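target_39.pdb, holding PDB, C-alpha atoms:
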```
ATOM      1  CA  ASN K 111     -14.788  -0.230  23.827  1.00  0.00           C
ATOM      2  CA  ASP K 112     -13.992  -3.904  23.522  1.00  0.00           C
ATOM      3  CA  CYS K 113     -10.690  -2.743  22.066  1.00  0.00           C
ATOM      4  CA  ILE K 114     -12.319   0.011  20.039  1.00  0.00           C
ATOM      5  CA  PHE K 115     -10.263   3.149  19.384  1.00  0.00           C
ATOM      6  CA  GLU K 116     -11.171   5.992  17.127  1.00  0.00           C
ATOM      7  CA  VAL K 117     -10.194   8.845  14.798  1.00  0.00           C
ATOM      8  CA  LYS K 118     -11.857  12.287  14.846  1.00  0.00           C
ATOM      9  CA  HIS K 119     -10.919  15.689  13.409  1.00  0.00           C
ATOM     10  CA  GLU K 120     -12.172  19.312  13.450  1.00  0.00           C
ATOM     11  CA  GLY K 121     -15.876  18.441  13.597  1.00  0.00           C
ATOM     12  CA  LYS K 122     -15.913  16.182  10.556  1.00  0.00           C
ATOM     13  CA  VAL K 123     -16.177  12.443  11.072  1.00  0.00           C
ATOM     14  CA  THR K 124     -12.950  10.927   9.701  1.00  0.00           C
ATOM     15  CA  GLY K 125     -14.346   7.444   9.546  1.00  0.00           C
ATOM     16  CA  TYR K 126     -12.704   5.013  11.913  1.00  0.00           C
ATOM     17  CA  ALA K 127      -9.019   4.272  12.472  1.00  0.00           C
ATOM     18  CA  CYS K 128      -7.524   1.951  15.068  1.00  0.00           C
ATOM     19  CA  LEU K 129      -4.105   0.564  15.778  1.00  0.00           C
ATOM     20  CA  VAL K 130      -3.585  -3.086  14.899  1.00  0.00           C
ATOM     21  CA  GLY K 131      -0.476  -5.237  14.970  1.00  0.00           C
ATOM     22  CA  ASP K 132       2.380  -2.923  14.081  1.00  0.00           C
ATOM     23  CA  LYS K 133       0.596  -0.020  12.356  1.00  0.00           C
ATOM     24  CA  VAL K 134      -2.087   2.466  13.265  1.00  0.00           C
ATOM     25  CA  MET K 135      -4.229   2.477  10.172  1.00  0.00           C
ATOM     26  CA  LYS K 136      -5.083   5.488   8.055  1.00  0.00           C
ATOM     27  CA  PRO K 137      -7.024   5.343   4.783  1.00  0.00           C
ATOM     28  CA  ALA K 138      -5.784   7.710   2.124  1.00  0.00           C
ATOM     29  CA  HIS K 139      -9.240   9.007   1.199  1.00  0.00           C
ATOM     30  CA  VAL K 140      -9.620  10.217   4.785  1.00  0.00           C
ATOM     31  CA  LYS K 141      -8.724  13.882   5.188  1.00  0.00           C
ATOM     32  CA  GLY K 142      -7.861  15.412   8.539  1.00  0.00           C
ATOM     33  CA  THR K 143      -5.841  13.940  11.386  1.00  0.00           C
ATOM     34  CA  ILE K 144      -6.383  12.049  14.659  1.00  0.00           C
ATOM     35  CA  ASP K 145      -8.250  13.678  17.533  1.00  0.00           C
ATOM     36  CA  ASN K 146      -5.454  12.762  19.945  1.00  0.00           C
ATOM     37  CA  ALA K 147      -2.108  14.509  20.287  1.00  0.00           C
ATOM     38  CA  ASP K 148       0.571  11.782  20.515  1.00  0.00           C
ATOM     39  CA  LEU K 149      -0.692  10.133  17.324  1.00  0.00           C
ATOM     40  CA  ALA K 150      -0.808  13.477  15.479  1.00  0.00           C
ATOM     41  CA  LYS K 151       2.884  13.792  14.580  1.00  0.00           C
ATOM     42  CA  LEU K 152       4.148  10.718  12.770  1.00  0.00           C
ATOM     43  CA  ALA K 153       4.646  10.100   9.072  1.00  0.00           C
ATOM     44  CA  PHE K 154       2.372   8.551   6.473  1.00  0.00           C
ATOM     45  CA  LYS K 155       2.918   7.072   3.045  1.00  0.00           C
ATOM     46  CA  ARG K 156       0.265   7.182   0.349  1.00  0.00           C
ATOM     47  CA  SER K 157      -1.004   4.373  -1.875  1.00  0.00           C
ATOM     48  CA  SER K 158      -3.184   5.411  -4.804  1.00  0.00           C
ATOM     49  CA  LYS K 159      -3.474   1.847  -6.127  1.00  0.00           C
ATOM     50  CA  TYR K 160      -4.837   0.764  -2.752  1.00  0.00           C
ATOM     51  CA  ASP K 161      -5.690   4.118  -1.047  1.00  0.00           C
ATOM     52  CA  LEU K 162      -3.695   3.863   2.146  1.00  0.00           C
ATOM     53  CA  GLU K 163      -1.429   5.981   4.321  1.00  0.00           C
ATOM     54  CA  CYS K 164       1.297   4.092   6.159  1.00  0.00           C
ATOM     55  CA  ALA K 165       1.478   5.072   9.829  1.00  0.00           C
ATOM     56  CA  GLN K 166       3.404   3.253  12.556  1.00  0.00           C
ATOM     57  CA  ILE K 167       2.242   2.109  16.010  1.00  0.00           C
ATOM     58  CA  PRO K 168       4.333   3.983  18.606  1.00  0.00           C
ATOM     59  CA  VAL K 169       6.023   2.067  21.396  1.00  0.00           C
ATOM     60  CA  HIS K 170       3.905   3.748  24.103  1.00  0.00           C
ATOM     61  CA  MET K 171       1.102   1.337  23.163  1.00  0.00           C
ATOM     62  CA  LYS K 172       3.181  -1.731  24.009  1.00  0.00           C
ATOM     63  CA  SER K 173       0.643  -2.584  26.739  1.00  0.00           C
ATOM     64  CA  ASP K 174      -2.120  -1.206  24.488  1.00  0.00           C
ATOM     65  CA  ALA K 175      -1.895  -3.141  21.226  1.00  0.00           C
ATOM     66  CA  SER K 176      -4.721  -4.909  19.404  1.00  0.00           C
ATOM     67  CA  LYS K 177      -4.540  -8.432  18.014  1.00  0.00           C
ATOM     68  CA  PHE K 178      -6.170  -9.668  14.834  1.00  0.00           C
ATOM     69  CA  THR K 179      -5.951 -12.473  12.299  1.00  0.00           C
ATOM     70  CA  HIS K 180      -6.644 -13.264   8.666  1.00  0.00           C
ATOM     71  CA  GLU K 181      -9.136 -16.114   9.235  1.00  0.00           C
ATOM     72  CA  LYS K 182     -12.332 -15.747   7.200  1.00  0.00           C
ATOM     73  CA  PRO K 183     -15.035 -18.309   7.849  1.00  0.00           C
ATOM     74  CA  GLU K 184     -18.567 -17.143   7.229  1.00  0.00           C
ATOM     75  CA  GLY K 185     -21.360 -16.265   9.634  1.00  0.00           C
ATOM     76  CA  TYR K 186     -21.744 -13.423  12.067  1.00  0.00           C
ATOM     77  CA  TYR K 187     -19.064 -10.798  12.689  1.00  0.00           C
ATOM     78  CA  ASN K 188     -19.634  -8.217  15.370  1.00  0.00           C
ATOM     79  CA  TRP K 189     -19.010  -4.536  14.686  1.00  0.00           C
ATOM     80  CA  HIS K 190     -19.722  -1.362  16.621  1.00  0.00           C
ATOM     81  CA  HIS K 191     -23.248  -1.179  15.122  1.00  0.00           C
ATOM     82  CA  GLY K 192     -24.251  -4.774  15.866  1.00  0.00           C
ATOM     83  CA  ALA K 193     -23.576  -7.674  13.492  1.00  0.00           C
ATOM     84  CA  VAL K 194     -22.421  -7.998   9.888  1.00  0.00           C
ATOM     85  CA  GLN K 195     -23.009 -11.537   8.678  1.00  0.00           C
ATOM     86  CA  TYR K 196     -19.975 -12.084   6.481  1.00  0.00           C
ATOM     87  CA  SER K 197     -21.364 -15.024   4.566  1.00  0.00           C
ATOM     88  CA  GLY K 198     -20.949 -16.316   1.051  1.00  0.00           C
ATOM     89  CA  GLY K 199     -17.729 -14.379   1.061  1.00  0.00           C
ATOM     90  CA  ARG K 200     -20.026 -11.392   1.500  1.00  0.00           C
ATOM     91  CA  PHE K 201     -19.957  -9.038   4.478  1.00  0.00           C
ATOM     92  CA  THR K 202     -23.317  -7.487   3.655  1.00  0.00           C
ATOM     93  CA  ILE K 203     -25.605  -5.394   5.808  1.00  0.00           C
ATOM     94  CA  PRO K 204     -29.354  -4.966   5.504  1.00  0.00           C
ATOM     95  CA  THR K 205     -29.447  -1.989   3.197  1.00  0.00           C
ATOM     96  CA  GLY K 206     -28.513   1.431   4.526  1.00  0.00           C
ATOM     97  CA  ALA K 207     -28.292   0.561   8.235  1.00  0.00           C
ATOM     98  CA  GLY K 208     -24.733   1.896   8.545  1.00  0.00           C
ATOM     99  CA  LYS K 209     -23.878   5.562   8.885  1.00  0.00           C
ATOM    100  CA  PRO K 210     -21.452   7.549   6.711  1.00  0.00           C
ATOM    101  CA  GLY K 211     -18.454   8.587   8.669  1.00  0.00           C
ATOM    102  CA  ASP K 212     -17.320   4.973   8.958  1.00  0.00           C
ATOM    103  CA  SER K 213     -14.385   4.760   6.510  1.00  0.00           C
ATOM    104  CA  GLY K 214     -11.707   2.460   7.890  1.00  0.00           C
ATOM    105  CA  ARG K 215     -13.882   0.671  10.330  1.00  0.00           C
ATOM    106  CA  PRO K 216     -12.669  -2.282  12.409  1.00  0.00           C
ATOM    107  CA  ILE K 217     -14.787  -5.360  11.978  1.00  0.00           C
ATOM    108  CA  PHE K 218     -13.573  -8.166  14.205  1.00  0.00           C
ATOM    109  CA  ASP K 219     -14.240 -11.882  14.628  1.00  0.00           C
ATOM    110  CA  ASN K 220     -16.574 -13.581  17.096  1.00  0.00           C
ATOM    111  CA  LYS K 221     -14.039 -13.026  19.907  1.00  0.00           C
ATOM    112  CA  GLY K 222     -12.258  -9.724  19.285  1.00  0.00           C
ATOM    113  CA  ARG K 223      -9.684 -10.088  16.527  1.00  0.00           C
ATOM    114  CA  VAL K 224      -9.768  -7.677  13.616  1.00  0.00           C
ATOM    115  CA  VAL K 225     -10.693  -9.305  10.333  1.00  0.00           C
ATOM    116  CA  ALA K 226     -11.136  -6.582   7.691  1.00  0.00           C
ATOM    117  CA  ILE K 227     -11.358  -2.825   7.043  1.00  0.00           C
ATOM    118  CA  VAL K 228     -14.300  -1.338   5.125  1.00  0.00           C
ATOM    119  CA  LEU K 229     -14.225   1.661   2.785  1.00  0.00           C
ATOM    120  CA  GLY K 230     -17.368   1.846   0.632  1.00  0.00           C
ATOM    121  CA  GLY K 231     -20.785   0.360  -0.026  1.00  0.00           C
ATOM    122  CA  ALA K 232     -23.573  -0.066  -2.572  1.00  0.00           C
ATOM    123  CA  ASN K 233     -26.913  -1.790  -3.061  1.00  0.00           C
ATOM    124  CA  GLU K 234     -29.136  -3.489  -5.654  1.00  0.00           C
ATOM    125  CA  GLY K 235     -31.940  -4.465  -3.289  1.00  0.00           C
ATOM    126  CA  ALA K 236     -32.313  -5.152   0.420  1.00  0.00           C
ATOM    127  CA  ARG K 237     -28.623  -6.058   0.320  1.00  0.00           C
ATOM    128  CA  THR K 238     -25.975  -3.381   0.823  1.00  0.00           C
ATOM    129  CA  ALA K 239     -22.542  -4.774   0.048  1.00  0.00           C
ATOM    130  CA  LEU K 240     -19.318  -3.110   1.087  1.00  0.00           C
ATOM    131  CA  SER K 241     -15.891  -2.239  -0.304  1.00  0.00           C
ATOM    132  CA  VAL K 242     -13.185  -3.575   1.946  1.00  0.00           C
ATOM    133  CA  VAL K 243      -9.402  -3.815   2.145  1.00  0.00           C
ATOM    134  CA  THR K 244      -8.109  -7.084   3.611  1.00  0.00           C
ATOM    135  CA  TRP K 245      -4.855  -8.929   4.252  1.00  0.00           C
ATOM    136  CA  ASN K 246      -4.672 -12.538   3.053  1.00  0.00           C
ATOM    137  CA  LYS K 247      -1.849 -14.245   5.025  1.00  0.00           C
ATOM    138  CA  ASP K 248      -0.957 -10.632   5.889  1.00  0.00           C
ATOM    139  CA  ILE K 249      -0.952  -9.496   2.249  1.00  0.00           C
ATOM    140  CA  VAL K 250      -3.108  -6.446   1.793  1.00  0.00           C
ATOM    141  CA  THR K 251      -5.579  -6.023  -1.094  1.00  0.00           C
ATOM    142  CA  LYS K 252      -8.335  -3.470  -1.701  1.00  0.00           C
ATOM    143  CA  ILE K 253     -11.620  -4.875  -3.041  1.00  0.00           C
ATOM    144  CA  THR K 254     -14.182  -2.461  -4.502  1.00  0.00           C
ATOM    145  CA  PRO K 255     -17.624  -3.676  -5.591  1.00  0.00           C
ATOM    146  CA  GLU K 256     -19.310  -1.408  -8.092  1.00  0.00           C
ATOM    147  CA  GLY K 257     -20.918   1.654  -6.541  1.00  0.00           C
ATOM    148  CA  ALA K 258     -18.934   2.248  -3.372  1.00  0.00           C
ATOM    149  CA  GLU K 259     -19.888   5.517  -1.713  1.00  0.00           C
ATOM    150  CA  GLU K 260     -17.547   6.922   0.898  1.00  0.00           C
ATOM    151  CA  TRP K 261     -18.467   6.340   4.498  1.00  0.00           C
TER     152      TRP K 261
ATOM    153  CA  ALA I 392      46.047  22.168 -50.945  1.00  0.00           C
ATOM    154  CA  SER I 393      42.321  21.515 -51.189  1.00  0.00           C
ATOM    155  CA  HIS I 394      42.237  18.016 -49.689  1.00  0.00           C
ATOM    156  CA  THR I 395      42.525  19.859 -46.370  1.00  0.00           C
ATOM    157  CA  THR I 396      38.870  20.907 -46.764  1.00  0.00           C
ATOM    158  CA  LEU I 397      37.285  18.563 -44.239  1.00  0.00           C
ATOM    159  CA  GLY I 398      33.921  18.646 -42.499  1.00  0.00           C
ATOM    160  CA  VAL I 399      33.008  17.851 -38.914  1.00  0.00           C
ATOM    161  CA  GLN I 400      31.498  14.346 -39.280  1.00  0.00           C
ATOM    162  CA  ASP I 401      34.885  12.701 -39.586  1.00  0.00           C
ATOM    163  CA  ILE I 402      36.069   9.290 -38.490  1.00  0.00           C
ATOM    164  CA  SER I 403      38.494   8.128 -35.797  1.00  0.00           C
ATOM    165  CA  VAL I 404      40.819   5.150 -36.035  1.00  0.00           C
ATOM    166  CA  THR I 405      39.293   3.567 -32.940  1.00  0.00           C
ATOM    167  CA  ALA I 406      36.964   5.893 -31.028  1.00  0.00           C
ATOM    168  CA  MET I 407      34.063   4.545 -33.042  1.00  0.00           C
ATOM    169  CA  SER I 408      34.671   1.419 -30.972  1.00  0.00           C
ATOM    170  CA  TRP I 409      34.922   3.567 -27.852  1.00  0.00           C
ATOM    171  CA  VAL I 410      31.570   5.203 -28.454  1.00  0.00           C
ATOM    172  CA  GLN I 411      30.285   1.717 -29.218  1.00  0.00           C
ATOM    173  CA  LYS I 412      31.439   0.853 -25.697  1.00  0.00           C
ATOM    174  CA  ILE I 413      29.836   3.964 -24.170  1.00  0.00           C
ATOM    175  CA  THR I 414      26.557   3.837 -26.106  1.00  0.00           C
ATOM    176  CA  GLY I 415      26.531   0.187 -25.116  1.00  0.00           C
ATOM    177  CA  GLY I 416      27.464   1.327 -21.641  1.00  0.00           C
ATOM    178  CA  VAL I 417      24.825   1.978 -19.018  1.00  0.00           C
ATOM    179  CA  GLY I 418      21.884   2.118 -21.426  1.00  0.00           C
ATOM    180  CA  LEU I 419      21.345  -1.611 -21.009  1.00  0.00           C
ATOM    181  CA  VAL I 420      21.060  -1.420 -17.237  1.00  0.00           C
ATOM    182  CA  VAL I 421      18.485   1.366 -17.403  1.00  0.00           C
ATOM    183  CA  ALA I 422      16.579  -0.678 -19.970  1.00  0.00           C
ATOM    184  CA  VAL I 423      16.512  -3.351 -17.242  1.00  0.00           C
ATOM    185  CA  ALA I 424      15.341  -0.603 -14.866  1.00  0.00           C
ATOM    186  CA  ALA I 425      12.462   0.301 -17.199  1.00  0.00           C
ATOM    187  CA  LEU I 426      11.644  -3.411 -17.501  1.00  0.00           C
ATOM    188  CA  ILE I 427      11.256  -3.798 -13.756  1.00  0.00           C
ATOM    189  CA  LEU I 428       9.065  -0.677 -13.737  1.00  0.00           C
ATOM    190  CA  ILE I 429       6.847  -2.635 -16.135  1.00  0.00           C
ATOM    191  CA  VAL I 430       7.102  -5.569 -13.699  1.00  0.00           C
ATOM    192  CA  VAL I 431       6.059  -3.608 -10.615  1.00  0.00           C
ATOM    193  CA  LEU I 432       3.141  -2.030 -12.475  1.00  0.00           C
ATOM    194  CA  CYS I 433       1.542  -5.517 -12.324  1.00  0.00           C
ATOM    195  CA  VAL I 434       0.976  -5.765  -8.549  1.00  0.00           C
ATOM    196  CA  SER I 435      -2.503  -7.100  -9.330  1.00  0.00           C
ATOM    197  CA  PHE I 436      -3.033  -6.742 -13.086  1.00  0.00           C
ATOM    198  CA  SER I 437      -2.138 -10.043 -14.742  1.00  0.00           C
ATOM    199  CA  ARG I 438      -4.157 -13.212 -14.897  1.00  0.00           C
ATOM    200  CA  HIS I 439      -7.880 -12.747 -13.974  1.00  0.00           C
TER     201      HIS I 439
ATOM    202  CA  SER O 372      30.366  17.447 -21.349  1.00  0.00           C
ATOM    203  CA  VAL O 373      27.744  15.732 -23.524  1.00  0.00           C
ATOM    204  CA  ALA O 374      29.374  12.492 -22.347  1.00  0.00           C
ATOM    205  CA  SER O 375      28.872  13.680 -18.771  1.00  0.00           C
ATOM    206  CA  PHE O 376      25.360  14.685 -19.855  1.00  0.00           C
ATOM    207  CA  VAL O 377      24.426  11.197 -20.958  1.00  0.00           C
ATOM    208  CA  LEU O 378      25.719   9.606 -17.782  1.00  0.00           C
ATOM    209  CA  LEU O 379      23.944  12.209 -15.705  1.00  0.00           C
ATOM    210  CA  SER O 380      21.043  11.448 -17.977  1.00  0.00           C
ATOM    211  CA  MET O 381      21.179   7.710 -17.730  1.00  0.00           C
ATOM    212  CA  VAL O 382      21.460   6.981 -14.002  1.00  0.00           C
ATOM    213  CA  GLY O 383      18.657   9.516 -13.530  1.00  0.00           C
ATOM    214  CA  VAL O 384      16.343   6.972 -15.159  1.00  0.00           C
ATOM    215  CA  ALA O 385      17.969   4.385 -12.901  1.00  0.00           C
ATOM    216  CA  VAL O 386      17.540   6.459  -9.774  1.00  0.00           C
ATOM    217  CA  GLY O 387      13.979   7.159 -10.875  1.00  0.00           C
ATOM    218  CA  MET O 388      13.616   3.382 -10.872  1.00  0.00           C
ATOM    219  CA  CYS O 389      15.260   3.356  -7.434  1.00  0.00           C
ATOM    220  CA  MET O 390      12.599   5.860  -6.376  1.00  0.00           C
ATOM    221  CA  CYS O 391       9.926   3.510  -7.703  1.00  0.00           C
ATOM    222  CA  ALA O 392      11.915   0.611  -6.214  1.00  0.00           C
ATOM    223  CA  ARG O 393      11.424   2.041  -2.744  1.00  0.00           C
ATOM    224  CA  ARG O 394       7.901   3.021  -3.786  1.00  0.00           C
ATOM    225  CA  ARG O 395       7.404  -0.661  -4.575  1.00  0.00           C
ATOM    226  CA  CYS O 396       9.075  -1.920  -1.451  1.00  0.00           C
ATOM    227  CA  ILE O 397       6.188  -0.501   0.560  1.00  0.00           C
ATOM    228  CA  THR O 398       3.577  -1.520  -2.008  1.00  0.00           C
ATOM    229  CA  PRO O 399       3.546  -5.067  -0.563  1.00  0.00           C
ATOM    230  CA  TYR O 400       4.336  -3.653   2.843  1.00  0.00           C
ATOM    231  CA  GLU O 401       2.248  -0.590   3.410  1.00  0.00           C
ATOM    232  CA  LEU O 402      -0.098  -0.863   6.409  1.00  0.00           C
ATOM    233  CA  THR O 403       0.376  -4.650   6.391  1.00  0.00           C
ATOM    234  CA  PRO O 404      -0.925  -5.506   9.865  1.00  0.00           C
ATOM    235  CA  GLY O 405       1.761  -8.086  10.546  1.00  0.00           C
ATOM    236  CA  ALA O 406       4.131  -6.762   7.862  1.00  0.00           C
ATOM    237  CA  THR O 407       5.469 -10.258   7.364  1.00  0.00           C
ATOM    238  CA  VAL O 408       8.622 -10.927   5.343  1.00  0.00           C
ATOM    239  CA  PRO O 409       9.907 -14.390   4.467  1.00  0.00           C
ATOM    240  CA  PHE O 410      11.570 -13.107   1.299  1.00  0.00           C
ATOM    241  CA  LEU O 411       9.912  -9.705   0.728  1.00  0.00           C
ATOM    242  CA  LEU O 412      13.096  -7.795   1.582  1.00  0.00           C
ATOM    243  CA  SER O 413      15.631 -10.628   1.309  1.00  0.00           C
ATOM    244  CA  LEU O 414      15.677  -9.856  -2.419  1.00  0.00           C
ATOM    245  CA  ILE O 415      15.580  -6.064  -2.323  1.00  0.00           C
ATOM    246  CA  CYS O 416      18.117  -6.201   0.532  1.00  0.00           C
ATOM    247  CA  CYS O 417      17.511  -2.713   1.885  1.00  0.00           C
ATOM    248  CA  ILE O 418      16.475  -3.579   5.455  1.00  0.00           C
ATOM    249  CA  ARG O 419      15.017  -6.518   7.466  1.00  0.00           C
ATOM    250  CA  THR O 420      17.483  -9.303   6.711  1.00  0.00           C
ATOM    251  CA  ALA O 421      17.123 -12.491   8.750  1.00  0.00           C
ATOM    252  CA  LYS O 422      20.004 -14.708   9.818  1.00  0.00           C
ATOM    253  CA  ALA O 423      21.783 -15.975   6.736  1.00  0.00           C
TER     254      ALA O 423
END
```
What does the file become when written as structure tokens?
Amino acid sequence: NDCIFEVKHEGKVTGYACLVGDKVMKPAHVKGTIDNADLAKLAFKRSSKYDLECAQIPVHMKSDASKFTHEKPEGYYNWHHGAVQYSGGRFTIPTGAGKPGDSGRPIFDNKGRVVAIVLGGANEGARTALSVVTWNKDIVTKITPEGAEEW
Amino acid sequence: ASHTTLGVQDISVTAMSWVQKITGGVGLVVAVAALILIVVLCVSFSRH
Amino acid sequence: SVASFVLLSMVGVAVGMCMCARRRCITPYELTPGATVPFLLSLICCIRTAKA
């Protein structure tokens, strides 16, 4: 836990979901709810065109927020299973090294600021690419390369 | 007298203008509403 | 009554738009991690109006 907070539900792995900025994230393809109690009451709003569920950070995490940015240089980006070298505009992994059950997963910068949120992944070699929703100058866009399987 | 035999699609002196005003009433603004539905369908669908 | 019908027809389309209007207020705004608004709601004018 650098600033790493999680979603779980009922036995199934609900991917990952962390608070950031003003909103606790929730991807719309994720079924189930949070493991915790206090988070498990608020409202969502669905987005089919981008697959999201709007969900607000409660005020009790005023001393418990998580900063981020929208700065995308290339090179190494640390995640909870090591390093994803987001390079060439491409946040690839060596193929297959990630585990399913990772939908909505916080990748951060080289110093602990959340950069992107991953949904899917595919491969045509030793190069698994990923399907990721981002926020350019805090403007959110889903990006799906061809063949994204749910994590 | 048989001129009294009138149908139902008869003609007013002025209410043709009134139904011109009503048919040209709030149909234009909901045409604008449909237009901005077409606008907001293009959140990312336009220029490649 | 048909006159009432068409007005209770017509604004229905409009309020359907208003439904979609709110459904497209959040569409630039949804889980937006800073949820920034220079002019995003200064033109819808539902909430989040800055000074002037």
Find the spatial neighbours of residue 420 (chain I), counting all atoms listed in the file, within a cut-off of 10 Å - ignore same-chain residues fewer than 5 positions away - and output them as a PyMOL selection string.
-> (chain I and resi 415+425-426) or (chain O and resi 381-382+384-385)
Cut-off 12 Å: closest chain I/chain K atom pairs per residue, using only C-alpha atoms, as CSV:
```
residue,atom,partner,partner_atom,distance
I:431,CA,K:159,CA,11.9
I:432,CA,K:159,CA,10.0
I:433,CA,K:159,CA,10.9
I:434,CA,K:159,CA,9.1
I:435,CA,K:251,CA,8.9
I:436,CA,K:159,CA,11.1
```
Inset, instruction - Take the point (10.2, -7.5, 3.5) in the file's coordinates, draw a sphere of radius 12 Å around it, and report as a list in words every protein, DNA or RNA residue with an atom inside or on it, counting all atoms listed in the file. - result: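 Residues lying no farther than 12 Å from the given point: residues 248 and 249 of chain K; 393, 395, 396, 397, 398, 399, 400, 401, 403, 405, 406, 407, 408, 409, 410, 411, 412, 413, 414, 415, 416, 417, 418, 419, 420 and 421 of chain O.
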Min atom-atom distance to chain O from the set I:430, I:418, I:439, I:396, counting all atoms listed in the file, belongs to I:418
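On the file presented, the PyMOL selection byres ((chain K and resi 217) around 6) picks out residues 189, 216, 218, 224, 225 and 226 of chain K.
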Residues as selected, C-alpha atoms, written as an mmCIF file, in the coordinates of the input, can you do that?
```cif
data_model
loop_
_atom_site.group_PDB
_atom_site.id
_atom_site.type_symbol
_atom_site.label_atom_id
_atom_site.label_comp_id
_atom_site.auth_asym_id
_atom_site.auth_seq_id
_atom_site.Cartn_x
_atom_site.Cartn_y
_atom_site.Cartn_z
ATOM 1 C CA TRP K 189 -19.010 -4.536 14.686
ATOM 2 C CA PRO K 216 -12.669 -2.282 12.409
ATOM 3 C CA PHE K 218 -13.573 -8.166 14.205
ATOM 4 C CA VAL K 224 -9.768 -7.677 13.616
ATOM 5 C CA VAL K 225 -10.693 -9.305 10.333
ATOM 6 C CA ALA K 226 -11.136 -6.582 7.691
#
```
Using all atoms listed in the file, the shortest atom-to-atom distance to chain O among I:410, I:424, I:397, I:429 belongs to I:424
message: Please enumerate the residues selected by the PyMOL selection byres ((chain K and resi 140-144) around 12) when evaluated against the supplied file, formatted as a PyMOL selection string.
response: chain K and resi 115-129+134-139+145-154+156+161-163+165+211-215+229+260-261
| task | Can you give me, as a PyMOL selection string, the residues this file yields under the ChimeraX specification (/O :<6) & /K? | result | chain K and resi 131-132+164+248
Take CA of residue 383 (chain O) and CA of residue 408 (chain I) and report the distance between them in Å, one decimal.
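Those two atoms sit 25.0 Å apart.
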**Asked** Separation of CA of residue 170 (chain K) and CA of residue 114 (chain K), in Å?
**Response**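 Separation between CA of residue 170 (chain K) and CA of residue 114 (chain K): 17.1 Å.
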